[PDB]
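Shown here is one chain on its own, the form deposited in one PDB entry, set out as structure tokens.
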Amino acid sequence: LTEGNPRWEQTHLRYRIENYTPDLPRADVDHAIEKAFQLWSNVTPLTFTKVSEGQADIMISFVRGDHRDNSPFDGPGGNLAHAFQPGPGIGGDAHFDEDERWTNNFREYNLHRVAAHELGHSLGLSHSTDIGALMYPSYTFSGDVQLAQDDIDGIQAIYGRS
């Protein structure tokens, strides 16, 4: 018996940012998130619509400590965020630890760089063993956040090419 990995059957997904971190003005947050989805849709037939309310496949929220799911946060440092694999309810949701200081620059914990990674999970990717890949578990930032060939091959193996 062989089991496949969690996938979205549709290629058009809806997302919603439930709340905003006080760390950045709302404009920066929206842009960091929108830009992260754009990285993935660029290499696949996947499209993402942002809904301001109502149903959404990918629910994005900034929380801290125990937030009713089964992977509570740990305060500053350590785990910065986590996202769930495709599926109903929690499936596809991305959670960011409010206890971290989220930024829009080189200062530790650039939101966009982390969002790009967790969104990889929301679409079905697991971690990579390549320190150069976006799907690597460790926080790394060089100013620019682009997909490594490993992330590209990974996502395309599931959804196909653009």
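Don't overthink the numbering: it's just position in the shown sequence, from 1.
There is also a form solved in complex with a small molecule; it is not shown, and the following applies to it.
- Interface residue remark: residue 40 is not counted as part of the site for the small molecule in the bound PDB entry, having no heavy atom within 4.5 Å.
- Contact between residue 127 and the small molecule in the bound PDB entry is found at the 4.5 Å heavy atom cutoff.
- Using a 4.5 Å cutoff between non-hydrogen atoms, residue 114 counts as a contact of the small molecule in the bound PDB entry.
- Contact between residue 139 and the small molecule in the bound PDB entry is found at the 4.5 Å heavy atom cutoff.
- Contact with the small molecule in the bound PDB entry holds for none of 6, 16 and 48, as no heavy atom of theirs lies within 4.5 Å.
- Contact with the small molecule in the bound PDB entry, defined as any heavy atom within 4.5 Å, is confined among 25-33, 106-114, 58-66, 40-48 to 106-114.
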